[PDB]
Structures are given as C-alpha cells and as structure tokens.
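What the coordinates show
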Amino acid sequence: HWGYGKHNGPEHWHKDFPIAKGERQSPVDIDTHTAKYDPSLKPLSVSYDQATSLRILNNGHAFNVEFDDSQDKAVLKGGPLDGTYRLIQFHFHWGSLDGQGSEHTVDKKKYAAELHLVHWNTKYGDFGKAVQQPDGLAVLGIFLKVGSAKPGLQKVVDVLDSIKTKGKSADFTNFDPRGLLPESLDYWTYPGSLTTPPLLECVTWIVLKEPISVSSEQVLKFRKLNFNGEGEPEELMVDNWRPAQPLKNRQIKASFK
C-alpha cells in the first residue's frame, strides 16, 4: 500500500489514485512575486475556544490529533470561505533534517515541517460527504521552523512515546490548538487537494505566511516515531511529505500587501 518510500512513495501514487495527475493537486510552490493581493479577501476567523480534542493516533503515515466535530465548537470562517467549516483533525509533515519537511514551499524554500488543521464544510453534514465536493474542506497550513520551543506543542511531543508504532492511539483530551498558531493570520489561498491518498480535489487551502518556531528537541521527538507496526523492522517516520505539484490553471491569492 502507499507510503513515502522508493517503492511506494509519491511518484507511485498515480497508479492507484489517477487524480494524482489532476488539475488541482497539492501542495504547490507559492511564488511570492506572482501571488496577487486580493483586497476582496477577508480576515480569517479562527474560533477554537470550545475545541474538544479526543485522541491522538499513529496511522502509519503521520499522527493525527482528532476532535469532536458533532457540534459547532471549533470553526473556521471568513477569508476566502463561504459558510462555516468545523475542525476535525490536525496532523503534521516533517523531514529527516531541518532543511526539508514542508509540503508547500515559498519561493522554493522548504521549512522543517508543516501543520495541517483540517476542517469540513457544515453544509454537507459530515466529513465523508464533504470530501466529495470541490468546496468541502478548508485546510489551514502552518509552517514550522527550528529555533525557540513552542510551548503549546509540548503536550503533543510529550505523548508521542505512547504512540510509537502504527495503529497505536492514546486519549488526548483538553488540548488547545490555539497554542499552535502564529501571531499573524496573513495568508495565501488557492484551490487544491488532499496531499495524501485519496488525493481528492476538495480543499480550499489557506497557508499562513508567518511560521511558528519549534525547538530542535521538539522536532527530534517527531523523528523517533515509526511508520511500522509493533514488532516489525523499525523504519523511522521521517520525510512524510509530498513534493510540490504543478500549479496548472490556478492563481494563488494573498490576503496582505
């Protein structure tokens, strides 16, 4: 099945998922000189005060922090979006070294990691219905650079030991995703896709300009995770990023001058 290796990694995905070569694939390189400022874009509204995290899971590709999405608790609105999008999960992509790891790039710069906060359009009633629609998902993407520690990440880092291998989960209640956000909400936006199989072309991407800082020690704990299951040969969970895909007939818009 799919992964990140030589034999099953991103260049192979199109055989099982032919949309991999589709018209609106993600991630992309953001060329900051050709993204146009769009004065018609609104400020993003991120309302995470009532977010209810439940659990953290090692799915064999990354780890997912899952939320209770059974009420409007944690929602994204505004910006480029019409209507209201509910937070369901977040996860990260990261590298084996600090010079790689992000999915999106900015003028071909790769960051050490990238955080994706995934939200679904409430007008389609559940996530599985939403991913079948071109406006079904909104993903907030946030870059990570290595420098100072991010205090709001440490609770996540703390628990990784308990979910080392594929299929392991742990209770993860009361985690506040506001502590993962940068100071500014300036962003780029474009229409794209999920960056893992099934690669569905259902996402409005909102990529924040300002990275968060995490410490080397924090990242190093992500790189001790395993893609394998318990009692299988160890293969470190690193380099779980899809490279940039062709922009094709799309425009990236900036919220800021």
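Residues numbered from 1 in each chain as written, not as in the entry; some residues may be left out. Heavy atoms only, no water.

For this entry, the PDB record names X-ray crystallography as the structure determination method and reports a resolution of 1.35 Å.

**Some details on the UniProt feature "binding site: Zn(2+)" in the chain**
Residues annotated by UniProt as "binding site: Zn(2+)" correspond here to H91, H93 and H116. A compact arrangement is adopted by the annotated residues: their sequence extent is 26 residues, whereas the largest C-alpha distance between any two is 8.3 Å. Of the residues annotated just before, the largest pocket has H91, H93 and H116 among its lining. Note on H91: relative accessible area 12%, which makes it buried. Once residues within four sequence positions are removed from consideration, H91 is found in contact with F63, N64, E114, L115, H116 and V118. A distance of 2.7 Å separates a polar atom in the side chain of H91 from a polar atom in the side chain of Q89. Discounting chain neighbours no more than four positions away, the residues touching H116 are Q89, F90, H91, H93, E103, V139, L140, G141, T195 and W205. One polar contact links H116 to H93, side chain to side chain, over a distance of 3.4 Å. (UniProt positions renumbered as here; feature names shortened; annotations may be inferred. 1 Å grid on protein atoms, 1.4 Å probe; cavity = no way out; pocket = protein on both sides within 12 Å on 5 of 7 lines; lining within 4 Å. Buried < 20%, exposed > 50% of the residue type's maximum accessible area, 1.4 Å probe, protein only. Contact = heavy atoms within 4.5 Å. Polar contact = N/O pair within 3.5 Å; in protein donor to acceptor, adjacent residues only side chain to side chain.)

**Let's talk about the packing of aromatic side chains**
Per the counting criterion, the structure on display carries 15 aromatic pairs. Taking 5.9 Å as the distance between ring centres and 75 degrees as the angle between the ring planes, the aromatic pair formed by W2 and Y4 counts as edge-to-face. Ring centres of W2 and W13 lie 5.4 Å apart, and the angle between their planes is 80 degrees; this geometry places the pair in the edge-to-face category. You can see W2 sitting in the segment before α1 (13–16) and its partner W13 sitting in helix α1, a full eleven residues away along the chain. Of the residues examined, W13 reaches a relative accessible area of 2% and is grouped as buried. (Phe/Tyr/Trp six-rings, centres within 6.5 Å; stacked < 30°, edge-to-face > 60°. Helix = DSSP H or I, 4+ residues; strand = E, 2+ residues; numbered from the N terminus.)

**Concerning the side chain of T84**
If you trace the backbone, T84 turns up in the loop between β6 (75–78) and β7 (85–94). One polar contact links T84 to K77, side chain to side chain, over a distance of 3.3 Å.

**Points about the nonpolar core**
Within soluble globular proteins, side chains that are nonpolar tend to cluster in buried spots. Judged by nonpolar contacts, the single largest core of 50 residues is most densely connected at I56, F63, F90, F92, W94, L140 and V156. For this core, the secondary structure elements donating two or more residues are β5 (63–67), β7, β9 (113–121), β10 (137–146), α3 (154–159), β13 (203–208), β14 (212–214) and α4 (216–222). Broken down by element, the residue count for this core peaks at five residues, all from β7. Discounting residues that sit within four places of it in the chain, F92 has contacts with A62, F63, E114, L115, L144, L153, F222 and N240. Counting residues in hydrophobic clusters, the runner-up holds 23 residues, among them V106, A130, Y190 and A254. (Core = buried A, V, L, I, M, F, W, Y, C linked by side-chain atoms within 4.5 Å.)

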